[PDB]
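What follows draws every value from the coordinates through simple rules; no lab data is involved. Cβ atoms come from the backbone with ideal geometry, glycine included; neighbour counts cover every protein chain shown.
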Amino acid sequence: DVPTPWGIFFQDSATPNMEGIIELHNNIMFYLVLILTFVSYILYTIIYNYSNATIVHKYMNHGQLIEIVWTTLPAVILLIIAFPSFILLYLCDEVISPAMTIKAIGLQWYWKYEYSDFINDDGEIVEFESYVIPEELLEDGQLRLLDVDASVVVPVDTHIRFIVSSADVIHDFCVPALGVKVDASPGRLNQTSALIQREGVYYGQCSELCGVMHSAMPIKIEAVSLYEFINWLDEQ
Amino acid sequence: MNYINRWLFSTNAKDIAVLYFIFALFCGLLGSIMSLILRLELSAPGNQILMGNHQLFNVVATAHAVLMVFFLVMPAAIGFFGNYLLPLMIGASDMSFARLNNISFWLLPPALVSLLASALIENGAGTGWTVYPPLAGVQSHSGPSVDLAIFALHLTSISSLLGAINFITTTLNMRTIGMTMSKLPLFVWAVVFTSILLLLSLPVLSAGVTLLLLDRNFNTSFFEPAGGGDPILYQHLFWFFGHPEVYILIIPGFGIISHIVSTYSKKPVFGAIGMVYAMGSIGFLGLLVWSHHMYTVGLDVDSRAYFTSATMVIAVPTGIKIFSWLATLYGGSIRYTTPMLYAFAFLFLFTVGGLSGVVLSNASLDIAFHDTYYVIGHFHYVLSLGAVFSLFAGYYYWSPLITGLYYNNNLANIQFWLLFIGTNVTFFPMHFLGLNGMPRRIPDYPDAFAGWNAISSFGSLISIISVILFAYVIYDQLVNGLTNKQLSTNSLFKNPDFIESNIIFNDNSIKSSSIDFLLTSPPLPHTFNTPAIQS
Amino acid sequence: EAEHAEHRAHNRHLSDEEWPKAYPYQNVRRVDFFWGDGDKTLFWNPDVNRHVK
Amino acid sequence: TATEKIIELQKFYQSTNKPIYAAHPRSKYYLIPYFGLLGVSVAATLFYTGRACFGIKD
Amino acid sequence: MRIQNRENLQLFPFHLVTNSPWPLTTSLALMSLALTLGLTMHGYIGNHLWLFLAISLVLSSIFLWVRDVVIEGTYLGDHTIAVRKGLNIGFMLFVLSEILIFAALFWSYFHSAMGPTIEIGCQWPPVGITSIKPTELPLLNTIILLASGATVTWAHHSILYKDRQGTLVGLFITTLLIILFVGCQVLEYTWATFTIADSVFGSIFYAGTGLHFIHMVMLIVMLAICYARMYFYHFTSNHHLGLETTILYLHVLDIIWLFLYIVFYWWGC
Amino acid sequence: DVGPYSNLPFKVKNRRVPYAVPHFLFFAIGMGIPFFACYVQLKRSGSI
Amino acid sequence: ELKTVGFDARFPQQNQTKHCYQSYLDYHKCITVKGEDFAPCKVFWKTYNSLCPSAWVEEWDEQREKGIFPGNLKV
Amino acid sequence: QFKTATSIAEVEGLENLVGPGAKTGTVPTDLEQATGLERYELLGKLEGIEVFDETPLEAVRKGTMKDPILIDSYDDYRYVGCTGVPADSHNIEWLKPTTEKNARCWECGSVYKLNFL
Ligand code: HEA
Ligand code: HEA
Ligand code: CUA
Ligand SMILES: [Cu+2]
Ligand SMILES: [Zn+2]
């Protein structure tokens, strides 16, 4: 969705993959907070008790049990972290039957979208180019450096496969709410999959550096219902 | 003529370290002013100081990266502290190859000239620090800028290789009479373990940079996909250098902290053999992982699972060092002088900046954080607050011994607190901007990212004032520094004990565990005539 | 390699329409060389190699 | 005399009172062209890197 | 240390170098080489006689170092047992670094040989590029290298048995058995069908077998200075470190050539 | 001549011009070069 | 009712750059023989029109019409 | 430059270590061509005398102020590292004995005196 002004945390989700990402991050933060609090308490004890002290225990320098406890205990934390990470890596993808394909080619400083299906017998494939609206030509209420002239319009509750490539340099397709971040390198095709659960608008920005106009190249996705998608596809 | 044969045609290892320090100060001033230029543009939405030019923003970021990865941290941590202290700790007169030390210094001022001349003959070199192939070709950057910038990464490579071979060759056969290679101090082990990575990493960088040059100007097409190549190959050939590099910057810091923790807390280090084995494990496991910088390029599903497993393992040896530092500081007596303030501010902020690396190691979570300001906030807590703090602590520790002139304590404490406050204000809201979704390398941003960018522009002006106060601390050290040893008892290297009387303490003042603090303090030009004896 | 030295002396008076066909990726000239003309490398004999426009 | 001047030049490089690189009566022929041409090579790459910052080409 | 007049001689077996000017001049030559090569390749100079001066001054700077390395060892006499061990460790740590440049170039070959792209129709040596047959001149070079590896063993085993005519002849035969390699490999670069710009294949083949060419000019130079320094009586039967470094450098290049002949010349499919 | 002001490349005491000028000019050049670079590349590209 | 390409387990990875090329070559192989109007050679037509960008197909068609094409179309 | 030595009893400097010459047509021996600190080691090792010692510190007996351990040096100072009487008990503590003062090792207590040769 849209960024919020004084943000602290993630944007809201519309895909199961982003919810899995949020849940895994909130699982890791538990153990990291535990470790930081333990270290901070030990430095507080050291500052409060053993500052400018008369007695120096200068012969406690070996240890045998305690060096095993700070070697095996972080390992168990790594195994507990590594279980849901591998489950999220393997499980949530396009296991069964994607239902559409949209090719999002990245040119120099704009985007080119081809809806590769809906082909006539002569090759009448629906296609458009998305640019950025300049600041001088904005209407009342539009978002600066994020609002486009043509937006990618998709149905809800439908698996969508994005195939991303490029024609000039290395780009990066990003819609933060949907959990999509894949490169666009000029000689190979890459694929991602998205399922959208609620209607709305979803905004995104390019990531990998491309030249002077890196900051003006937005991505906008609308998620209409099926009837509106059929009525929109019979107009373009 | 005596000026020339002693400060230009030199053989002495300790007289090149002072030249390295003077060079590093200049090359750390230039990049800091370049960072102030960037942070004064990323303040409020619009086009403020650079009028409409998105070039001369990427050039400033590239030249701020290069001048402080290659020209500040490495010359300070290798030239000033490695050339000076390692012969005195191992007990040698000079280095084994002294003329190679002189060439390893003098290759760097021709490397500064080409980099400063890579930003005046053209638009410039706005390729980023990682000079990726299909942007840095002859279709976006067509001029003598990228070529003169990748010739500044050859001379530094030659200098580092020639220094590393000298460091390895010296510590093997130029020790004193009674030192095996198990009684060495920890700083010598840090220099050895960074010098092995300097051998094993730099040929890959030199090959990748030279093949990029041949692609640009001799139309060879290694990395162009219209002739049968892939850009991704370059990424491999870059990052195999990249991750050894970022341990090269941090391993010489660690040993310095150990000495301070061993000194101002009057206890030996808990488990030294565990510490050298931990540094060896960290050095070895920095070569078997390089592809966690590239999770979004389109790798396999069985290759991400290897690189998530091999990245989180490095947390296990670093925890041994952190907990051993806590066990060393636990029992003993602690007096808070100006090296131990920087020592205490390093054990907390390296942990905070390093715990973010576990969140970024997962391939599932890197889809939300790649090319985002969370990465910037991660590596600034470790680079600016882990390496520069170790450099300041090493300067305030070893500068009275080298120079012979003391410094004002109060102004150094004011400098430390200003650095702490300003740097913690600067790099903490970058985590929030990263979690909300702000990408990297953008001059202008949407209006939602305004407010935190107003706060991170305030701490930089605090840190530059601390740099100016550091300059005044150096000036007050050089002038009237003989009279700055009776103001405070910080000048004493170790304090009197409980039963040790003052009259007994004035006869026997220095108690040490190395050769360093028993020398006369200007160190002599030829410091060992007869050999040293260890049982 | 002296029996092959008489199958290369006749590959010089061949016309431009009888030389072997040129694929893509075949003669990449996207930056001109700085020595002499820009269509010739260091080692370049016309008897074995040619660049047909 | 013979090809064993080794026992003669080892009494010359010791007790010389000059540096090693300018001790023999032959080092003029090596050291004069080298330092002569180095001061042209350096003075030509500081004229073509300042002419080129102003946009002048050849 | 209780020998009688011990104060008059140095008390530790390490070499204190006198003050030398050559590190500054090498850096001033590399400044000129870097800036001139960066400038002549994009205009701005035109005349190509400044680059050649830069390369000539660099090579004369290394030669002027090696003079003062020779005079400090055969005339002044400061090379004890420890300093020789340091020099051997040093040279081994440059041979190791010069191997790892070839590792990156071999990995740039296997990243394209196994898995070629779609632009090249998926095939090594691709359509329209005729490769070099490995039953021609790349056999002659291999047998000349294996013979040159055998002739220097007759030269290192004739300086230990104190035979002078038998060290000069073997070094002469080796020096003419590396010049023929360069002469054969410059004839295999003028009778080829494909250039540096004709593929990713013609671009990696002339970049792994072209660094070897530069590395074998160095053996011709290092063997000339080993024949000439033996003719003028500088080598004893137990103190010779110029031969030992040239022998270790030749064998590494032979083993590298035996991996540039099975991967580059024979294996194509 | 070994002593507390002998290992430094610059003279500090008993000097004609006082040390404040060479100490200040070093930092002045160090924090003034990257503004000159931005001035040159701004003026070469039209904008003021 | 919105139907596209399925799984095709011989290419299971994230790089679909070989699926495009293989579908193009297979379509032209089965159209050189067996006529131009035949039923299973429209599975391939819908297969490479659903993954490949259009400019690649235009360049490949021009390279085919000039005789200059690296491929294995000759069976 | 002067009379050549035969044993290290006749070596009063670097002026006695040039040597005779080799003959025309012979690979020379190290006793016919060596000058500096290299020939001094050579004349030491063909008799049994080690010129450059590598023997560590005495770790047998302690140090009393009446009977101190004598450390031999050609200077007025020499750096001595103590690590114990059973040779690894005491940690590493470094000391500087001088011709005007004796070091005393704050942990274990051995006294070191300097013998000026
Ligand atoms: C400054 C040197 C440095 C250091 C120390 C590190 C430390 C680590 N780095 Fe590296 N890293 C960089 C250099 C460095 N990094 C740089 C410069 C970048 C930015 C990339 C750029 O753009 O070029 C980067 C970015 C970066 C990324 C993000 C790449 C991307 O943008 O997608 C990742 C993710 O895998 C990573 C890995 C790690 C890990 C796991 C550590 C770990 O070593 C951190 C270890 C610290 C601890 C873990 C503290 C130990 C405390 C304990 C008590 C242990 C407790 C045990 C548990 C936590 C289980 N680094
Ligand atoms: C070397 C590590 C390092 C250091 C020190 C710093 C210093 C700072 N950096 Fe960071 N920064 C990077 C690592 C580092 N940075 C890198 C690698 C990049 C490039 C990323 C890219 O290209 O994609 C970058 C770029 C970068 C950007 C541009 C981001 C982009 O364009 O996408 C910004 C902007 O906010 C920023 C922030 C800051 C700030 C405010 C400082 C301030 O701290 C600056 C003030 C400096 C000081 C506080 C220390 C002064 C030092 C001395 C004077 C001490 C000398 C030492 C001795 C005396 C022994 N940095
Ligand atoms: Cu376009 Cu990024
Ligand atoms: Cu990394
Ligand atoms: Zn003791």
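Things to note:
- Residue in segment A:58-65 that is away from ligand 5 (no atom under 16 Å from the Cβ) and either in contact with an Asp or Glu (Cβ under 9 Å, 6 or more places away or on another chain) or part of a helix (DSSP H, G or I) (or both) present: no
- Selection count, segment B:301-314, where residues are within 8 Å of another protein chain (Cβ to nearest Cβ) and of a type in the set (S, T, N, Q): 2
- Residue among B:339, B:317 that is more than 14 Å from ligand 1 (Cβ to nearest atom) and either more than 7 Å from chain A (Cβ to nearest Cβ) or crowded, with 18+ Cβ neighbours inside 10 Å (or both): B:339
- Qualifying positions in segment B:292-322 - within 16 Å of ligand 4 (Cβ to nearest atom) and not in a helix (DSSP H, G or I): B:294, B:295, B:296, B:297, B:299, B:313, B:314
- Which numbered condition residue H:89 misses (of (1) closer than 22 Å to residue B:186 by Cβ; (2) facing chain B (nearest Cβ under 10 Å)): (2)
- Conditions (1) under 22 Å from the mean Cα position of the chain (by Cα); (2) within 14 Å of chain E (Cβ to nearest Cβ): number failed by residue H:27: (1)
- One residue from B:97, B:80, B:57 being within 16 Å of ligand 3 (Cβ to nearest atom) and surrounded by 20 or more Cβ atoms within 10 Å (Cβ to Cβ): B:57
- For segment B:422-463, a residue qualifies if it is in a helix (DSSP H, G or I) and either surrounded by fewer than 17 Cβ atoms within 10 Å (Cβ to Cβ) or within 16 Å of ligand 5 (Cβ to nearest atom) (or both), and the qualifying residues are B:424, B:447, B:450, B:451, B:454, B:455, B:461.
- Condition check for residue A:152 on (1) more than 14 Å from chain G (Cβ to nearest Cβ); (2) free of Cβ contacts under 8 Å to residues at least 60 places away in the same chain; (3) under 24 Å from residue A:14 (Cα atoms); (4) of a type in the set (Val, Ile, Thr): one failure, at (2).
- Checked against (1) among the hydrophobic types (A, V, I, L, M, F, W, C); (2) more than 21 Å from the chain's Cα centre (by Cα); (3) facing chain G (nearest Cβ under 8 Å), residue A:105 passes all but condition (2).
- Residue B:470 being within 14 Å of chain A (Cβ to nearest Cβ) and not in a loop (DSSP other than H, G, I, E, B): no
- Residue count for segment C:22-51, restricted to those that are more than 13 Å from chain B (Cβ to nearest Cβ), closer than 22 Å to residue B:228 by Cβ and over 12 Å from the mean Cα position of the chain (by Cα): 0
- Matching entry among B:531, B:525 (being touching a residue at least 40 places away in the same chain (Cβ under 8 Å), part of a loop (DSSP other than H, G, I, E, B) and more than 14 Å from chain H (Cβ to nearest Cβ)): B:525
- Residue within segment A:115-136 that is free of Cβ contacts under 8 Å to residues at least 24 places away in the same chain, more than 23 Å from residue G:57 (Cβ to Cβ) and buried (at least 16 other Cβ atoms within 10 Å of the Cβ) present: yes
- Condition check for residue B:204: of a type in the set (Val, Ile, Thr), more than 16 Å from ligand 3 (Cβ to nearest atom) and surrounded by 23 or more Cβ atoms within 10 Å (Cβ to Cβ): yes
- In segment B:175-197, the qualifying residues are those that are in contact with a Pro (Cβ under 8 Å, 6 or more places away or on another chain) and hydrophobic (A, V, I, L, M, F, W, C), and the one that is nearest to the other protein chains (Cβ to nearest Cβ) is B:177.
- If you go through segment F:1-38 and pick out every residue that is part of a helix (DSSP H, G or I), of a type outside the set (A, V, I, L, M, F, W, C) and facing another protein chain (nearest Cβ under 8 Å), you end up with 3.
- Residue count for segment B:233-291 satisfying the condition of being within 16 Å of ligand 4 (Cβ to nearest atom), assigned to a helix (DSSP H, G or I) and more than 11 Å from chain A (Cβ to nearest Cβ): 18.
- Total residues in segment B:386-432, condition under 14 Å from residue B:459 (Cβ atoms) and touching a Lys or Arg at 6+ places or on another chain (Cβ under 9 Å): 1
- The criterion of at least 2 residues that are away from chain E (no Cβ under 12 Å) and either within 16 Å of ligand 1 (Cβ to nearest atom) or closer than 27 Å to residue E:68 by Cβ (or both) is met, among helices (runs of 4 or more DSSP H) falling completely within segment B:76-159, by B:82-90.
- Residues (charged (D, E, K, R) and either over 21 Å from residue G:3 (Cβ atoms) or surrounded by 17 or more Cβ atoms within 10 Å (Cβ to Cβ) (or both)) located in segment G:27-45: G:29, G:34, G:36, G:37
- A Cβ distance below 7 Å, combined with a sequence gap of six or more or placement on separate chains, defines the contacts here; from segment C:22-35, residues that are touching a residue at least 24 places away in the same chain (Cβ under 8 Å) reach residues that are part of a loop (DSSP other than H, G, I, E, B) and not polar (S, T, N, Q) in the pairs C:22/C:52; C:27/C:51; C:27/E:197; C:27/E:198.
- Pairs where the first residue, in segment B:363-385, is closer than 20 Å to residue B:303 by Cβ and in contact (Cβ under 8 Å) with a residue 12 or more places away in the chain and the second is of a type outside the set (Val, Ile, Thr) and assigned to a helix (DSSP H, G or I), C-beta under 7 Å, 6+ apart: B:363/A:89; B:363/B:304; B:366/B:360; B:369/B:360; B:369/B:434
- Of all the listed residues (B:17, B:24, B:44, B:63), the sole one being away from chain F (no Cβ under 13 Å), away from ligand 3 (no atom under 16 Å from the Cβ) and either touching a residue at least 40 places away in the same chain (Cβ under 8 Å) or within 30 Å of residue B:193 (Cβ to Cβ) (or both) is B:44.
- Answer from H:96, H:101 - the residue that is at the interface with another protein chain (Cβ under 10 Å from one of its Cβ atoms), under 22 Å from residue B:262 (Cα atoms) and of a type in the set (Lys, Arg): H:96
- Within this structure, residue B:401 fails the test of being surrounded by fewer than 18 Cβ atoms within 10 Å (Cβ to Cβ) and closer than 30 Å to residue F:23 by Cβ.
- Criterion: free of Cβ contacts under 8 Å to residues at least 40 places away in the same chain and facing chain B (nearest Cβ under 7 Å) - qualifying residue of A:25, A:62: A:25
- For segment B:41-53, the candidate set comprises residues that are of a type in the set (A, V, I, L, M, F, W, C) and more than 10 Å from ligand 2 (Cβ to nearest atom); within that set, the residue that is surrounded by the most Cβ atoms within 10 Å (Cβ to Cβ) is B:50.
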